[PDB]
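Trainee: Submitted below is the structure of interest, expressed as structure tokens.
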Amino acid sequence: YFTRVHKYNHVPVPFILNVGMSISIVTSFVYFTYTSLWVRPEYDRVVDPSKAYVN
Amino acid sequence: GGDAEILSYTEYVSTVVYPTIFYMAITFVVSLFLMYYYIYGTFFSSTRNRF
Amino acid sequence: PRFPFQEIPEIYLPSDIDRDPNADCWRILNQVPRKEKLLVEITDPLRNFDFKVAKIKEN
Amino acid sequence: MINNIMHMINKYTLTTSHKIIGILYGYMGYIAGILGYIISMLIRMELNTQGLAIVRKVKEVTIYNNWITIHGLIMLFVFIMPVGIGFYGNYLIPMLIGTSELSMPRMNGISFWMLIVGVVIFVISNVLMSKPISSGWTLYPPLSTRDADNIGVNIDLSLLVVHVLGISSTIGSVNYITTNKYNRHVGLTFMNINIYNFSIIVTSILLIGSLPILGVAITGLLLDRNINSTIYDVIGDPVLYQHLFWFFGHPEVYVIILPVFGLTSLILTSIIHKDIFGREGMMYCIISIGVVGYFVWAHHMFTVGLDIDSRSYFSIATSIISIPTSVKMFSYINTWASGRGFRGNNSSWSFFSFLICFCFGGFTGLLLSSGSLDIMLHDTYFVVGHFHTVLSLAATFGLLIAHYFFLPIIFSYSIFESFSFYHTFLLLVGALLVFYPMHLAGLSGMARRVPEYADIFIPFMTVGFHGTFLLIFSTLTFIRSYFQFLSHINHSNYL
Amino acid sequence: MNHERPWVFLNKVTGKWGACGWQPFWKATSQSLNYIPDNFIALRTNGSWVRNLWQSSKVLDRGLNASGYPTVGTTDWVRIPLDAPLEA
Amino acid sequence: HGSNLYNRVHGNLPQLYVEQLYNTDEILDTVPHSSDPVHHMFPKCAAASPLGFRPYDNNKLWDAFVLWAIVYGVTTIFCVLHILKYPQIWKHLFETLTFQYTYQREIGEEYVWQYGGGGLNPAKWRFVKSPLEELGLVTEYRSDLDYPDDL
Amino acid sequence: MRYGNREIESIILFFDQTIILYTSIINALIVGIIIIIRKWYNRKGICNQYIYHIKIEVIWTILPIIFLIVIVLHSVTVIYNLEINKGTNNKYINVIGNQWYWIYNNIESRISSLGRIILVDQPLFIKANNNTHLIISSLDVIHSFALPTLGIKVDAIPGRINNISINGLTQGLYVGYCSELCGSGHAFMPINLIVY
Amino acid sequence: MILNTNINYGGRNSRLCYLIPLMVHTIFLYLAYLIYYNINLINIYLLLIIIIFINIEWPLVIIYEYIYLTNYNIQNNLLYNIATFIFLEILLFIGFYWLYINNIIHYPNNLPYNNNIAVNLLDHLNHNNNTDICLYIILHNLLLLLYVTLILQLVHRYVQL
Ligand code: HEA
Ligand code: HEA
Ligand SMILES: CCCCCCCCCCCCCCCCCC(=O)OC[C@H](COP(=O)([O-])OCC[N+](C)(C)C)OC(=O)CCCCCCCCCCCCCCCCC
Ligand SMILES: [Cu+2]
Ligand SMILES: [Cu+2]
Ligand SMILES: [Cu+2]
Ligand SMILES: [Mg+2]
């Protein structure tokens, strides 16, 4: 017998656990991709051509 | 021994594996948020008093 | 901690440097126990330092 | 007794039986491990105390440099590969596929005795002779060719040692692949051979593809030293040497690690009384790690001056290699679940230590993959922490699992579990005290290969002192346990 | 090793019995896989002394007139051997 | 174990064992026979375990020496060679481990002490005085020893 | 507390992001392993059939990938941010790594006795907020100019002229090292930079 | 009669298990001696005689084992090992080529001479040509090796058919 074929041993995920895991993973990915690639304020530039100095 | 708790595949997956992963996901999100606040000091504004 | 440039005979110095003994440019920022950190290094918890860091436009 | 003596010598020199060659590899590996440990203790005693307390002169730091280089070479090329691949590879590979011998029985003996020749040359060159090689285990020119402390012939003898070890490894690899491909018993397909055989096959494929390049690099060094060419001189390309050496360098690392994965998987099947979770997944991940290790060699040269595009590319490739190892770690964690592993077994606890330490070392090494962040961590103690919390806590503990699982089988005497518990736990705690501080001493700027350090770094070396004492205790416990293993009782009375 | 076979102490005035024998012991270490320990308490025997003790327990507890057995020093204890079942 | 030569000669193709009366060892270089004894890996262990015995007995001097050589042999050979070639390194190690060597230590001074917590941080360190000289075992520090000048 | 440069700040922030990610992963796995071990040691939750789960395996292979592309992108951008300031300079300095001492514009710098291992008799001076180009190489063997607190660590290889761009914002003395085995006096070959 | 075993090659004890390692040891210590004292310890021709003599063992055992112990499983093992060895040789050649073309693919270079056009009549094609390379003689050698390859392939096919 091939006892690990698709038709055998399917365990559905409870809806509550499915929702909780989905929310957790989506939140984590969104938060990380945001705070890493979007909230990057050290890349600051100032546009002021009058701050040049030539003797 | 005679006291060992033996579960079938379905029972084990349903009553052990899935709740474990659920708790792990909760820990993941909570730790991400609390660690980011712990270091930078702000939840969404990067370093505190610097920007 | 400060760099002792007055104890070194015949040391080249820039013409446009401040030679006052207690100038800012003679401080030793790292590699010495200080009790007053002037540099933010990769091992410094700003939380342990209460985030008393300078602004972004300054520095 | 002349006949008996000559018969024993012929038994252990003319042999081609895989079991005998395996035990010989194991013996040589353990001996070289102990020697490397002694040299490591010398290095640690040099670091712990202040004021060049052992060499006593700045001019004589060449002794310390020789210590570090021979420590590295001994522990890499004569401790792990002979044990991980030579010992269990020869002893088990024919048995696990149901066959008598390896293919090419004579080349197996040739491999072992090439290893012994290399060890002999190395030991004579670096002990009985004066002013030995002192250029770190990565023999970077022009330091290893155009220097003042490296002029003797024994340096060239050490390079030839590297050559013989390469020859031995190539022979062993070819033999393992060939035996595993054609001698399988009827009804066993190539991808149904157990996990250890597959990992050995991929390791052998790794060794075959890279060793000739290392041979080319070493021949370049020898030619520069002897016939006075200029391949690696001020008008040469020391970076070319680095490229070749490190093209060999990382495949060697994965060659070291993978057989430990195979052995741990096999032993787990034997002690948890359950099959491997996702065996096909683990085998595919092993081959993936093997293949991806051939495209990442230059993550060891981020500060040499590589092109910016190449820096980015090699950071990318290192992350790619990081993925499948994570898959394997998760597979292990799930394998142990639902099983009935023995609750009081040094094999079980050594497996736990292996898993934890490998995860931590993999993370720390994944930090180093980023080219930019490798600016601040190249040639500090962070790299030392990394490759010692992988080599000396994941490879060593995997071999401890194998050692405590296969001693009863080979010898037929059970294991003194309390003794082994003391040994393994003190090795764990002592080693962590030695290497963990290194990490935070690397982020603080302490360079490596220095016998004398600035006063800012005292606390890390104090914790290292503590760890070194615990390590001495653990290794003495281990050796005395083994001596007690093969010795009959010493006390007996009437109660 | 060769010591005495297990015996039975029996105290007369108190009328109380109990088995006994010589227990070898050694410092603990690794065992051997291919060896099941032989009979060490009763050397060179098929281990019948357990059966003899079990059979003789009812005889001894019921009250035995063991005046025909040797004593142990100057005490009130006598030795009964367990070579053969005791009936009296 | 015991030779199987009688069976080999009375076997089925005895001509194959004519070489066995030349200068030739039976176990290593003779054609194996259907009824040969089974040879084990570690014959000493194989013969001792079923009798309950560990292969080596410490009470026998020969066995004690053999086991010492097996376990501690090359280790002590390497140590002896190293000590013969580098007498000064072990001399210095002995000096340091016995408190005979002090780099620049003085009398009555206090020195910084910190266990962990990253690099030297003045808010965590202590200062320690030498208990040896607090008791009285030390009054002056030896100067005849080698000194790492220019450091 | 100032940062001493912008490149060091960027590297530090990238480091902090990776640290947060790895700590989160470690905490998740620690909770999982705690549950598993607590169940195991008490002889609970046994199932010899549980040796395969297609969905779980696919998901646990996918998840590390998505969280890794972000790290890779951030690292690449940090590299290029390190390397943009080239070409906007007005001062050039050349550095030679000799055998256990440094040379700046043909002026030698060796360790001194006033400081134990950190201080030097002749520092290297650069002006604050002024972009400078360092042309680094070596005469005898390979050294490594290492000032990791300013985000500079470049090997001085014989016959190979490396070219890095250095910029200072905080005035003071930065201590650095050789960060590459070069001989006996490797541990005593320090670097001193003064931003004034 | 004779009791038949499995199809694998059982394995024989042989002196080649240590002679080849001793030969390598001898070669390397001989080279060390020649490097140190600038004079050979023993005559090079005697050394080569020893090396040749030790290695005549392989053909003898080859003949006597093909006469007795050979089947298709053994033949396949041998052929696969040959393939792996040829792969190793190809890799060695690739490595040496790497060590050769390294400083030729990086076209810009520092040269003692001038290689800019319009200063002399033979300077533009200076850096771009290494004239002393024995061109048409190398061509003749290539023709010889092509002869050998094609002849051998033709004869191999002819005998196989
Ligand atoms: C597998 C390789 C391996 C192993 C096992 C070790 C083991 C140890 N190593 Fe090292 N090490 C290297 C590989 C290894 N090392 C390399 C490649 C370098 C770099 C060389 C260079 O930089 O050029 C290096 C450099 C290095 C340094 C560099 C110092 C300097 O550069 O500044 C230091 C100092 O702290 C050190 C310490 C130790 C210690 C204290 C141990 C051990 O004491 C801790 C663990 C000890 C064990 C107990 C293992 C001993 C094994 C046996 C006990 C055999 C018994 C049998 C088995 C269990 C199978 N190692
Ligand atoms: C001994 C075995 C071994 C192993 C397995 C590794 C694995 C890795 N190593 Fe390393 N390494 C060495 C041995 C090893 N290494 C040695 C000896 C040196 C020093 C040579 C010397 O300089 O002398 C060295 C040096 C070294 C450097 C040198 C840094 C420097 O010198 O500049 C770098 C940097 O790129 C590096 C990176 C890696 C990476 C990225 C992995 C990755 O394979 C790690 C992957 C592991 C995992 C990732 C764990 C699984 C993680 C999870 C469970 C999920 C998390 C996953 C994601 C979020 C994606 N290693
Ligand atoms: C509530 C009590 C907390 C734990 C008590 C012990 C730690 C004391 C306070 C810790 C913070 C201040 C650091 C000073 C001391 C740190 C000691 C240490 O291990 O440092 C390494 C490391 C060094 O890292 P660290 O201290 O730099 O941590 C980072 C700190 N900041 C936030 C400032 C950046 O210390 C730690 O990891 C801290 C926790 C240590 C707890 C150890 C418990 C396990 C014990 C294992 C065996 C150790 C044997 C030691 C025996 C000593 C006595 C006999
Ligand atoms: Cu690598
Ligand atoms: Cu240097
Ligand atoms: Cu240096
Ligand atoms: Mg370096």
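Chain labels A, B, ... are given in the sequence in which chains occur in the structure tokens; within each chain residues are numbered consecutively from 1, and ligands are likewise numbered from 1 in the order shown.
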As a PyMOL selection string, which residues of segment 40-123 of chain G does DSSP assign to alpha helix (DSSP H)?
Mentor: chain G and resi 40-41+54-83
Trainee: Could you list, as a short mmCIF file (atom, residue, chain, number, x, y, z; two decimals) with N, CA, C and O atoms, in the first residue's frame, all the residues within 6 Å of ligand 1, counting only C-alpha atoms and all ligand atoms?
Mentor:
```cif
data_model
loop_
_atom_site.label_atom_id
_atom_site.label_comp_id
_atom_site.auth_asym_id
_atom_site.auth_seq_id
_atom_site.Cartn_x
_atom_site.Cartn_y
_atom_site.Cartn_z
N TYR D 30 41.20 11.21 15.38
CA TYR D 30 41.14 11.54 16.80
C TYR D 30 42.49 12.03 17.31
O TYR D 30 42.56 13.00 18.08
N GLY D 33 43.00 15.50 16.14
CA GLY D 33 42.14 16.38 16.90
C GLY D 33 42.74 16.73 18.24
O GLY D 33 42.71 17.89 18.66
N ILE D 34 43.32 15.75 18.92
CA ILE D 34 43.94 16.03 20.22
C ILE D 34 45.14 16.97 20.04
O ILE D 34 45.35 17.88 20.85
N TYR D 37 43.97 20.36 19.55
CA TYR D 37 43.47 20.89 20.81
C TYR D 37 44.61 21.38 21.69
O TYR D 37 44.47 22.41 22.36
N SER D 40 45.71 24.63 20.41
CA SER D 40 44.70 25.63 20.74
C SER D 40 44.84 26.08 22.18
O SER D 40 44.63 27.26 22.49
N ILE D 43 47.59 28.59 22.27
CA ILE D 43 47.13 29.88 21.77
C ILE D 43 46.32 30.60 22.84
O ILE D 43 46.53 31.79 23.11
N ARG D 44 45.39 29.90 23.46
CA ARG D 44 44.55 30.52 24.47
C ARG D 44 45.37 31.02 25.65
O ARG D 44 45.12 32.11 26.17
N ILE D 68 48.93 29.49 15.29
CA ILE D 68 47.60 29.65 14.71
C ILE D 68 47.52 28.95 13.36
O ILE D 68 46.52 28.28 13.05
N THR D 69 48.55 29.07 12.52
CA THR D 69 48.47 28.43 11.21
C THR D 69 48.40 26.92 11.34
O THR D 69 47.58 26.27 10.66
N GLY D 72 44.95 25.81 12.63
CA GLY D 72 43.95 25.80 11.58
C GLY D 72 44.10 24.63 10.64
O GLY D 72 43.13 23.91 10.36
N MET D 75 43.37 21.17 12.36
CA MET D 75 41.98 20.93 12.72
C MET D 75 41.08 20.85 11.49
O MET D 75 40.04 20.19 11.55
N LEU D 76 41.44 21.49 10.39
CA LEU D 76 40.58 21.40 9.22
C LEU D 76 40.86 20.13 8.42
O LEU D 76 39.95 19.34 8.16
N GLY D 136 49.34 32.12 8.77
CA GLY D 136 47.91 31.87 8.86
C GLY D 136 47.50 30.69 8.01
O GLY D 136 48.24 30.32 7.10
N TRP D 137 46.34 30.09 8.27
CA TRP D 137 46.00 28.88 7.54
C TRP D 137 45.66 29.16 6.09
O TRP D 137 45.68 28.24 5.27
N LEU D 391 32.13 25.27 13.37
CA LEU D 391 33.05 24.13 13.30
C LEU D 391 33.15 23.41 14.63
O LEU D 391 33.04 22.19 14.70
N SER D 392 33.38 24.15 15.71
CA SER D 392 33.70 23.54 16.99
C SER D 392 32.49 23.31 17.86
O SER D 392 32.64 22.87 19.00
N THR D 396 31.71 19.45 15.62
CA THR D 396 32.22 18.65 16.72
C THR D 396 31.11 17.88 17.41
O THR D 396 31.28 16.71 17.76
N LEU D 399 29.87 14.92 15.36
CA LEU D 399 30.80 13.82 15.51
C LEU D 399 30.70 13.20 16.90
O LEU D 399 30.94 12.00 17.05
N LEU D 400 30.34 13.98 17.92
CA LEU D 400 30.10 13.38 19.23
C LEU D 400 28.87 12.49 19.21
O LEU D 400 28.85 11.44 19.85
N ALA D 431 33.00 25.82 25.84
CA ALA D 431 33.16 26.36 24.50
C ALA D 431 32.35 27.63 24.31
O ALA D 431 32.83 28.60 23.72
N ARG D 448 41.89 40.13 14.44
CA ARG D 448 42.23 38.75 14.71
C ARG D 448 43.70 38.49 14.37
O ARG D 448 44.36 39.29 13.71
N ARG D 449 44.20 37.35 14.82
CA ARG D 449 45.59 36.97 14.62
C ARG D 449 46.53 37.96 15.30
O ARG D 449 47.59 38.31 14.77
N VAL D 450 46.15 38.41 16.49
CA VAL D 450 46.96 39.31 17.30
C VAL D 450 47.23 38.60 18.62
O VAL D 450 46.30 38.18 19.30
N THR D 475 38.17 18.08 28.08
CA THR D 475 38.95 17.18 27.24
C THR D 475 39.66 16.12 28.06
O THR D 475 39.77 14.96 27.63
#
```
Trainee: Just the residues within 9 Å of residue 150 of chain G, please, counting only C-alpha atoms, with nothing from its chain fewer than 3 positions along; format it as a PyMOL selection string.
Mentor: chain G and resi 3-8+147+153+166-168+174
Trainee: Just the residues within 6 Å of segment 10-14 of chain E, please, counting only C-alpha atoms, with nothing from its chain fewer than 6 positions along; format it as a ChimeraX atom specification.
Mentor: /E:76-78
Trainee: Applying 12 Å and only C-alpha atoms, which residues near residue 40 of chain F remain after dropping the ones on its own chain fewer than 4 positions away? List them as number ranges by chain.
Mentor: D: 17, 19-20, 410-412; F: 1, 44-47
Trainee: Could you write out the selected residues, including N, CA, C and O atoms, as a short mmCIF file (atom, residue, chain, number, x, y, z; two decimals), in the first residue's frame?
Mentor:
```
data_model
loop_
_atom_site.label_atom_id
_atom_site.label_comp_id
_atom_site.auth_asym_id
_atom_site.auth_seq_id
_atom_site.Cartn_x
_atom_site.Cartn_y
_atom_site.Cartn_z
N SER D 17 40.30 -3.87 3.36
CA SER D 17 38.96 -4.00 3.91
C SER D 17 38.47 -2.65 4.40
O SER D 17 39.17 -1.94 5.13
N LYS D 19 36.32 -1.79 6.53
CA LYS D 19 36.21 -1.63 7.98
C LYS D 19 37.54 -1.25 8.61
O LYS D 19 37.62 -0.35 9.45
N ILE D 20 38.61 -1.95 8.21
CA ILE D 20 39.92 -1.66 8.78
C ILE D 20 40.39 -0.27 8.37
O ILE D 20 40.92 0.49 9.19
N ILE D 410 30.55 -0.87 17.36
CA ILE D 410 31.86 -1.29 16.86
C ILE D 410 32.56 -2.17 17.88
O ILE D 410 33.17 -3.19 17.52
N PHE D 411 32.51 -1.80 19.16
CA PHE D 411 33.30 -2.47 20.19
C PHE D 411 32.50 -3.47 21.00
O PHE D 411 33.09 -4.42 21.54
N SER D 412 31.18 -3.31 21.10
CA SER D 412 30.31 -4.22 21.83
C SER D 412 30.34 -4.01 23.33
O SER D 412 30.03 -4.93 24.09
N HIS F 1 41.20 -17.61 13.64
CA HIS F 1 41.35 -18.58 14.71
C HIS F 1 42.19 -19.76 14.22
O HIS F 1 43.11 -19.58 13.42
N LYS F 44 40.40 -9.18 19.81
CA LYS F 44 40.52 -9.12 21.27
C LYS F 44 39.17 -8.80 21.90
O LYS F 44 38.71 -9.49 22.82
N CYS F 45 38.50 -7.75 21.41
CA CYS F 45 37.19 -7.40 21.93
C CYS F 45 36.17 -8.50 21.65
O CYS F 45 35.33 -8.80 22.49
N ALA F 46 36.23 -9.09 20.46
CA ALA F 46 35.27 -10.13 20.09
C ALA F 46 35.39 -11.34 21.01
O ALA F 46 34.38 -11.96 21.35
N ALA F 47 36.61 -11.69 21.39
CA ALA F 47 36.83 -12.83 22.27
C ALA F 47 36.60 -12.49 23.74
O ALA F 47 36.31 -13.40 24.53
#
```
Trainee: Counting only C-alpha atoms, collect the residues of chain C whose closest atom lies at most 12 Å from chain D, and write them out as an mmCIF file with C-alpha atoms, in the first residue's frame.
Mentor:
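Output contents, as saved in selection34.cif:
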```cif
data_model
loop_
_atom_site.group_PDB
_atom_site.id
_atom_site.type_symbol
_atom_site.label_atom_id
_atom_site.label_comp_id
_atom_site.auth_asym_id
_atom_site.auth_seq_id
_atom_site.Cartn_x
_atom_site.Cartn_y
_atom_site.Cartn_z
ATOM 1 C CA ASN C 30 36.879 55.386 20.589
ATOM 2 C CA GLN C 31 39.090 52.591 21.930
ATOM 3 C CA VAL C 32 39.214 54.112 25.430
ATOM 4 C CA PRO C 33 36.920 53.864 28.475
ATOM 5 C CA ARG C 34 35.219 57.247 28.470
ATOM 6 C CA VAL C 40 27.490 56.299 18.088
ATOM 7 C CA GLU C 41 29.007 52.887 17.375
ATOM 8 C CA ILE C 42 27.389 49.659 16.254
ATOM 9 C CA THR C 43 27.538 48.289 19.822
ATOM 10 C CA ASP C 44 25.812 51.226 21.547
#
```
Trainee: Please extract the residues at most 7 Å from ligand 4, counting only C-alpha atoms and all ligand atoms, and provide them as a PyMOL selection string, using the chain letters and residue numbers of this document.
Mentor: chain D and resi 249-250+253+296-297+299-300
Trainee: Filtering to N, CA and C atoms, could you give me those residues as a PDB file, in the first residue's frame?
Mentor:
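Just written: part-v4.pdb:
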```
ATOM      1  N   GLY D 249      38.016  27.291  -1.190  1.00  0.00           N
ATOM      2  CA  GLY D 249      37.840  27.445   0.243  1.00  0.00           C
ATOM      3  C   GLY D 249      36.441  27.120   0.719  1.00  0.00           C
ATOM      4  N   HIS D 250      35.426  27.585   0.005  1.00  0.00           N
ATOM      5  CA  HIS D 250      34.079  27.392   0.521  1.00  0.00           C
ATOM      6  C   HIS D 250      33.562  25.983   0.237  1.00  0.00           C
ATOM      7  N   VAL D 253      34.359  23.985   3.029  1.00  0.00           N
ATOM      8  CA  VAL D 253      33.515  24.200   4.196  1.00  0.00           C
ATOM      9  C   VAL D 253      32.262  23.341   4.105  1.00  0.00           C
ATOM     10  N   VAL D 296      29.694  31.204  -4.619  1.00  0.00           N
ATOM     11  CA  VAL D 296      29.689  32.185  -3.543  1.00  0.00           C
ATOM     12  C   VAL D 296      31.097  32.431  -3.025  1.00  0.00           C
ATOM     13  N   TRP D 297      32.105  31.933  -3.734  1.00  0.00           N
ATOM     14  CA  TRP D 297      33.430  31.846  -3.135  1.00  0.00           C
ATOM     15  C   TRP D 297      33.966  33.201  -2.700  1.00  0.00           C
ATOM     16  N   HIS D 299      32.688  35.780  -1.235  1.00  0.00           N
ATOM     17  CA  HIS D 299      32.205  36.498  -0.066  1.00  0.00           C
ATOM     18  C   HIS D 299      33.251  36.551   1.034  1.00  0.00           C
ATOM     19  N   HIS D 300      34.414  35.941   0.819  1.00  0.00           N
ATOM     20  CA  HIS D 300      35.554  36.042   1.715  1.00  0.00           C
ATOM     21  C   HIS D 300      36.530  37.132   1.301  1.00  0.00           C
TER      22      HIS D 300
END
```
Trainee: Can you work out which residues from chain D touch chain E at a cut-off of 9 Å (counting only C-alpha atoms) and hand them back as a PyMOL selection string?
Mentor: chain D and resi 408+412-417+484-485+488-495
Trainee: Please identify all polymer residues within 10 Å of segment 59-67 of chain H, counting only C-alpha atoms, omitting same-chain residues fewer than 5 positions from it, and present them as a PDB file with N, CA and C atoms, in the first residue's frame.
Mentor:
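Output file result.pdb is given in full below:
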```
ATOM      1  N   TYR H   9      33.868  -7.140  -7.031  1.00  0.00           N
ATOM      2  CA  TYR H   9      35.275  -7.502  -6.942  1.00  0.00           C
ATOM      3  C   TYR H   9      35.648  -7.656  -5.475  1.00  0.00           C
ATOM      4  N   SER H  14      47.472  -5.898  -1.336  1.00  0.00           N
ATOM      5  CA  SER H  14      48.559  -5.630  -2.263  1.00  0.00           C
ATOM      6  C   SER H  14      49.518  -4.631  -1.642  1.00  0.00           C
ATOM      7  N   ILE H  74      31.896  -5.069 -13.045  1.00  0.00           N
ATOM      8  CA  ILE H  74      33.257  -4.588 -12.836  1.00  0.00           C
ATOM      9  C   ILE H  74      33.686  -3.689 -13.984  1.00  0.00           C
ATOM     10  N   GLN H  75      33.351  -4.073 -15.213  1.00  0.00           N
ATOM     11  CA  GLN H  75      33.728  -3.254 -16.355  1.00  0.00           C
ATOM     12  C   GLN H  75      33.100  -1.871 -16.266  1.00  0.00           C
TER      13      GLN H  75
END
```
Trainee: What does the list of residues within 9 Å of ligand 3 look like if you count only C-alpha atoms and all ligand atoms, written as an mmCIF file with C-alpha atoms, in the first residue's frame?
Mentor:
```cif
data_model
loop_
_atom_site.group_PDB
_atom_site.id
_atom_site.type_symbol
_atom_site.label_atom_id
_atom_site.label_comp_id
_atom_site.auth_asym_id
_atom_site.auth_seq_id
_atom_site.Cartn_x
_atom_site.Cartn_y
_atom_site.Cartn_z
ATOM 1 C CA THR C 43 27.538 48.289 19.822
ATOM 2 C CA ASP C 44 25.812 51.226 21.547
ATOM 3 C CA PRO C 45 22.205 50.837 22.773
ATOM 4 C CA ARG C 47 18.010 53.031 24.779
ATOM 5 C CA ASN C 48 20.742 52.629 27.381
ATOM 6 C CA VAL D 429 29.496 25.373 28.590
ATOM 7 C CA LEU D 433 32.301 30.932 27.160
ATOM 8 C CA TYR D 436 30.418 33.747 22.384
ATOM 9 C CA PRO D 437 32.310 36.788 23.747
ATOM 10 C CA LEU D 440 30.789 41.195 20.815
ATOM 11 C CA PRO D 459 36.441 41.440 29.683
ATOM 12 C CA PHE D 460 36.100 39.246 26.611
ATOM 13 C CA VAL D 463 35.514 35.145 29.924
ATOM 14 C CA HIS D 466 37.150 30.870 32.164
ATOM 15 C CA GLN F 114 35.769 43.421 34.682
ATOM 16 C CA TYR F 115 34.132 40.134 33.735
ATOM 17 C CA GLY F 116 31.807 40.936 30.837
ATOM 18 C CA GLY F 117 29.383 43.553 29.563
ATOM 19 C CA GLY F 118 31.344 44.568 26.490
ATOM 20 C CA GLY F 119 34.474 46.663 26.404
ATOM 21 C CA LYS F 124 30.905 48.483 35.614
#
```
